[PDB]
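Asker:
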Amino acid sequence: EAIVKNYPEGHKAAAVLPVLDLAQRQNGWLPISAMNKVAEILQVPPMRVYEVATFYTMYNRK
Amino acid sequence: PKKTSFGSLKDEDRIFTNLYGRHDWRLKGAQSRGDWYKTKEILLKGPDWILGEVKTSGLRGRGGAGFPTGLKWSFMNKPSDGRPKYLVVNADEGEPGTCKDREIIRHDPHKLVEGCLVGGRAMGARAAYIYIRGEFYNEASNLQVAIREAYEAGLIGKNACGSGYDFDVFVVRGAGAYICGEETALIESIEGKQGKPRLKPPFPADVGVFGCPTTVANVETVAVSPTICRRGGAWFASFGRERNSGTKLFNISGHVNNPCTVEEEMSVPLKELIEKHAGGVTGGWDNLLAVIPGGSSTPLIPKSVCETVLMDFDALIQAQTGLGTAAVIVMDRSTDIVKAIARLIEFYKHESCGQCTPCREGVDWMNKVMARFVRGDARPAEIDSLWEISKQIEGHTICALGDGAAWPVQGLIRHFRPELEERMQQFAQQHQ
Amino acid sequence: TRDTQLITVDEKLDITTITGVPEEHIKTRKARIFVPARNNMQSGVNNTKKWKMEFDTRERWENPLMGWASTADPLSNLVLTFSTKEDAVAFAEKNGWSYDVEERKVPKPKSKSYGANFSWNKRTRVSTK
Ligand SMILES: Cc1cc2nc3c(=O)[nH]c(=O)nc-3n(C[C@H](O)[C@H](O)[C@H](O)COP(=O)(O)O)c2cc1C
Ligand code: SF4
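Residue numbers (PDB author numbering), protein chains in the order written: chain E, 32 to 93; chain F, 7 to 438; chain Q, 5 to 133.
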């Protein structure tokens, strides 16, 4: 909630990187079900979270 | 007067006076060294006065592009429409050889925070987003704490410094990408997408983050602006040659005895910089081979040019290279000069975002060719082929990462061609 | 100007009787006058410059020996190229062919803005690049 309130209303998608990293910090790695969850919370299409997940190297998909 | 010699910056004229973190980095210590002093008076002067001091000082972007900051920050001094305006501080610092912006963040966090407020005030910005690479988790945390102390002290937030100006300072962590250091690729990363640069126009001053007027500025450029306002533009402009003013943070790494970050005057001779601070080239000056004078993105120069080159934007341009981030990398005579540059092209092939064809396909191409020049597994005609390829990439890409993949190659081919042709000779006689 | 002594002819030009064409393929053939549509697989627009005249498709059957496509229409592969719609229509009239004309279709000018992809409050903002 604190993360999402850092961005203008109407631009929740800007929280994809921090919230996706928060999933990795809680779990250690990003399973497909973690990215699917971040898509639900921020209401961005899942494919747009898969793009972010595979673009940056600090995310562990294994 | 016009001192024609430069260097020997005195400890009283240094801006980043906590560069080594031997004094307290928190708010209490920072104010004891000058930070957050008379900031209210600076803000009440207004944006026109602030932009006046930045222009007069001749401050130029420390992020590597080296544009006039005063002119760049003036695109934001226009009447607003319905959109908010933002200042984005570029704390990504991914350039190999560069580590100056790391020191500022974890040892002088309050200088950056005051730069954001002063700089944000000049541009009419409602907040500053500080984008710091994800690897710097401890340096970002330090900055986040200093941001808290400023909030609790009334220095930022609602009615910042008591001046009746409302300002916010946000920290956003990256997730691993050298390409997100590019100004537009940073913006797309803040907005939640892949770090892929945008074409220009539009320019960020018109359409930036969230689609609003934005200015992206480096950590070091923002961090020095409050001091330029307190001490005046003329004081800053008193250093370095003309159109090359100010102090500058230098990293000296590679084959030196004492690698170190250090502050020194702009336009100091490169040799004097290495010898006095870094402890000389490993094995003595006569053991020097070539120096990359501004991080990997700039061409390397040989020992002959290194004798009498000055460290400023214009002196290095006429050396066919650039000041860049001013990250001096030294390579001594035992270095495999071909293999050093091959690893740089491998770095770029790993960082290219893949968006646009010349860099997606070209840099990956130059990586394959350089991998063979290291083994000598080629024929001399491929050297000129690689030169032509590097020119097809340069100036044809969306962003400057493509240009910076080519320039390392052009430097090696420009000055060490006999080294390349020599290594091809050995492989041929061995295998034939 | 001219030295040869001209004459006046007010009749509309018709050459059906001297073309040598059989009666069947003049009276019962409908000629189509059109600018060919752009092949949608490619983006080039170089084949949409001229006017074409083509005739109605007729029966093609399978050859009992090898299965090839047999035809009995002498005009199956005939295609004429014209600079203007008026030349094409002029040609068909003097040859006695019934015809249709189809107006050239031209893509309307579009409003393309790169900056729209990053709009502050509009739906044209793109979710990806
Ligand atoms: C591939 C690439 C990486 C870059 N990385 C950085 C960086 O890490 N830090 C930085 O300040 N500028 C970086 N830049 C330059 C920025 O695009 C931009 O010029 C800079 O943020 C402007 O800051 P300044 O005007 O204060 O110098 C990079 C540019 C490119 C093309
Ligand atoms: S030059 Fe390379 S990094 Fe820059 S936009 Fe093109 S592909 Fe991406």
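C-beta atoms are modelled at their ideal positions from N, C-alpha and C, and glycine is treated no differently.
Can you name the start and end residues of the alpha helix (DSSP H) that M129(F) belongs to?
Answerer: Walking along the second sequence from the start, residue 129(F) turns up at place 123. That run of the alpha helix (DSSP H) goes 115-129.
Asker: To the nearest angstrom, how far is the alpha carbon of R42(Q) from that of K34(Q)?
Answerer: Stepping through the third sequence from its first residue, residue 42(Q) is reached at position 38. Stepping through the third sequence from its first residue, residue 34(Q) is reached at position 30. About 23 Å.
Asker: So which residues on chain F does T132(Q) lean against when the C-beta distance must stay under 7 Å?
Answerer: The residue given as residue 132(Q) occupies position 128 in the third sequence. What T132(Q) touches in chain F: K199.
Asker: Can the beta-carbon of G180(F) be found closer than 8 Å to that of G140(F)?
Answerer: Residue 180(F) sits at position 174 when you count from the first residue of the second sequence. Residue 140(F) sits at position 134 when you count from the first residue of the second sequence. In contact: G180(F) and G140(F) (Cβ atoms closer than 8 Å).
Asker: By the three-class DSSP mapping on this structure, what secondary structure does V262(F) have?
Answerer: Walking along the second sequence from the start, residue 262(F) turns up at place 256. The answer is strand: DSSP assigns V262(F) an E or B state.
Asker: If we define contact as Cβ-Cβ less than 8 Å, is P49(E) a contact residue for chain F?
Answerer: Reading the first sequence from its first residue, position 18 is the one you call residue 49(E). Chain F contact via Cβ: present.
Asker: Starting from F176(F), trace the beta strand (DSSP E) both ways and give me its first and last residue.
Answerer: Here the question's residue 176(F) lines up with position 170 in the second sequence. Start and end: 174-179.
Asker: Where does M57(Q) fall in DSSP's three states?
Answerer: Taking the third sequence and counting its residues from 1, one reaches residue 57(Q) at position 53. DSSP places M57(Q) in strand when its eight states are reduced to three.
Asker: What's the gap between the Cα of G76(F) and the Cα of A240(F)?
Answerer: Reading the second sequence from its first residue, position 70 is the one you call residue 76(F). Reading the second sequence from its first residue, position 234 is the one you call residue 240(F). Going by the C-alpha atoms only, they are around 14 Å apart.
Asker: Sorry if obvious, but does the Cβ on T88(E) come closer than 7 Å to a heavy atom of ligand 2?
Answerer: In the first sequence, the residue the question calls residue 88(E) occupies position 57. No, Cβ of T88(E) sits at least 7 Å from all heavy atoms of ligand 2.
Asker: Look at the Cβ atom of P77(E), then the Cβ atom of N67(E), and state whether they are nearer than 8 Å.
Answerer: Taking the first residue of the first sequence as 1, we reach residue 77(E) at position 46. Taking the first residue of the first sequence as 1, we reach residue 67(E) at position 36. Yes, Cβ-Cβ distance for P77(E) and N67(E) is below 8 Å.
Asker: So what does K254(F) bridge to, in DSSP terms?
Answerer: One-based indexing of the second sequence puts residue 254(F) at position 248. Answer by DSSP bridge pairing, in chain order: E270(F).
Asker: Between which two residues does the alpha helix (DSSP H) carrying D52(E) extend?
Answerer: Numbered from 1 along the first sequence, position 21 holds the residue referred to as residue 52(E). 47-58 is the extent of the alpha helix (DSSP H) around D52(E).
Asker: As an exercise, report each continuous beta strand (DSSP E) stretch of at least 3 residues that is fully enclosed by the stretch 189-227 of chain F, in chain order.
Answerer: As far as the stretch 189-227 of chain F is concerned, its whole beta strand (DSSP E) runs of at least 3 residues are 220-224.
Asker: Among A76(Q), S102(Q), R36(Q), which one has its Cα closest to the Cα of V83(Q)?
Answerer: Start at 1 with the first residue of the third sequence, and residue 83(Q) comes out as number 79. Among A76(Q), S102(Q), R36(Q), the Cα nearest to that of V83(Q) belongs to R36(Q).
Asker: Suppose the cutoff is 6 Å on Cβ atoms and the five residues either side in sequence are ignored; what does the same chain contact list for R112(F) look like?
Answerer: On the second sequence, position 106 is the one that residue 112(F) refers to. For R112(F), where only same-chain residues beyond five positions count, the Cβ hits under 6 Å are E145, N148.
Asker: Counting only C-beta atoms, is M89(E) closer than 8 Å to chain F at any point?
Answerer: In the first sequence, the residue the question calls residue 89(E) occupies position 58. Interface residue, yes.
Asker: Name the chain Q residues whose beta carbon is nearer than 8 Å to that of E82(E)?
Answerer: Here residue 82(E) refers to the residue found at position 51 of the first sequence. Those within 8 Å of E82(E) in chain Q are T132.
Asker: What runs of the alpha helix (DSSP H), each 4 residues or longer, lie entirely inside the stretch 318-344 of chain F?
Answerer: Entirely contained in the stretch 318-344 of chain F, the alpha helix (DSSP H) runs reaching 4 residues are, in chain order, 319-323.
Asker: Would the stretch 267-284 of chain F count as touching the stretch 13-31 of chain F if we require 3 or more Cβ pairs under 8 Å?
Answerer: The stretch 267-284 of chain F, when compared against the stretch 13-31 of chain F, does touch it at the 8 Å Cβ threshold.
Asker: Quick one, which residues of the stretch 209-222 of chain F are near chain Q if we go by CB-CB under 7 Å, in chain order?
Answerer: Here the close residues are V213, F216, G217, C218.
Asker: Considering only their Cβ atoms, is the gap separating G187(F) from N96(F) smaller than 8 Å?
Answerer: Within the second sequence, residue 96(F) is the residue found at index 90, counting from 1. Within the second sequence, residue 187(F) is the residue found at index 181, counting from 1. Yes, the pair counts as a contact, with Cβ atoms nearer than the cut-off.
Asker: Check whether the Cβ of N37(E) lies closer than 8 Å to any Cβ atom in chain F.
Answerer: Start at 1 with the first residue of the first sequence, and residue 37(E) comes out as number 6. So yes, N37(E) belongs to the interface.
Asker: Could you check which residue in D172(F), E59(F), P265(F), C105(F) has the C-alpha nearest to that of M337(F)?
Answerer: Here residue 337(F) is taken as the residue at index 331 of the second sequence, counted from 1. Residue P265(F) is the option with its Cα nearest to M337(F).
Asker: For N99(Q), I'd like the list of residues in its chain whose CB is within less than 8 Å of its CB, leaving aside the five on either flank, ordered along the chain.
Answerer: Along the third sequence, one-based indexing puts residue 99(Q) at 95. So the list reads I19, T20, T23, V25, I30, once near-sequence residues are dropped.
Asker: Using a 10 Å radius around the Cβ and a threshold of 16 neighbouring Cβ atoms, would you call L25(F) buried or exposed?
Answerer: Reading the second sequence from its first residue, position 19 is the one you call residue 25(F). By the neighbour-count rule (16 or more Cβ atoms within 10 Å), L25(F) is buried.
Asker: Indicate, with yes or no, if ligand 2 has a heavy atom lying under 7 Å from the CB of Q398(F).
Answerer: Here residue 398(F) refers to the residue found at position 392 when the second sequence is read from its first residue. No, the beta carbon of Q398(F) sits no closer than 7 Å to any heavy atom of ligand 2.
Asker: Is there at least one non-hydrogen atom of ligand 1 closer than 7 Å to the beta-carbon of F142(F)?
Answerer: Stepping through the second sequence from its first residue, residue 142(F) is reached at position 136. No, since every heavy atom of ligand 1 falls outside the 7 Å radius drawn around the Cβ of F142(F).
Asker: Run through the DSSP bridge pairs and tell me what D104(Q) is partnered with.
Answerer: To locate residue 104(Q), count along the third sequence from 1; it is residue 100. Partner(s): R36(Q).
Asker: Please report how far the alpha carbon of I323(F) lies from the alpha carbon of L329(F), in whole angstroms.
Answerer: In the second sequence, residue 323(F) corresponds to position 317, counting from 1. In the second sequence, residue 329(F) corresponds to position 323, counting from 1. One C-alpha to the other measures close to 8 Å.
Asker: DSSP state of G187(F), grouped into three classes?
Answerer: For this step, residue 187(F) is matched to residue 181 along the second sequence. Helix, per DSSP.
Asker: Is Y137(F) close to ligand 1? I mean its beta-carbon at under 7 Å from any heavy atom of the ligand.
Answerer: Within the second sequence, residue 137(F) is the residue found at index 131, counting from 1. Not under cutoff, so the answer is no.
Asker: So the candidates are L418(F), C359(F), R108(F); which of them puts its Cα closest to the Cα of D342(F)?
Answerer: On the second sequence, residue 342(F) is found 336 positions in, with the first residue counted as 1. If we check each option's Cα against that of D342(F), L418(F) comes out closest.
Asker: For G27(F), which residues from the same chain have a beta carbon less than 6 Å from its beta carbon, with the 5 sequence-adjacent residues on both sides left out?
Answerer: Numbered from 1 along the second sequence, position 21 holds the residue referred to as residue 27(F). Here the set comprises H113.
Asker: Under 8 Å, Cβ to Cβ, is there at least one residue of chain F near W72(Q)?
Answerer: Taking the first residue of the third sequence as 1, we reach residue 72(Q) at position 68. Chain F, which has no Cβ nearer than 8 Å to the Cβ of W72(Q), makes this no.
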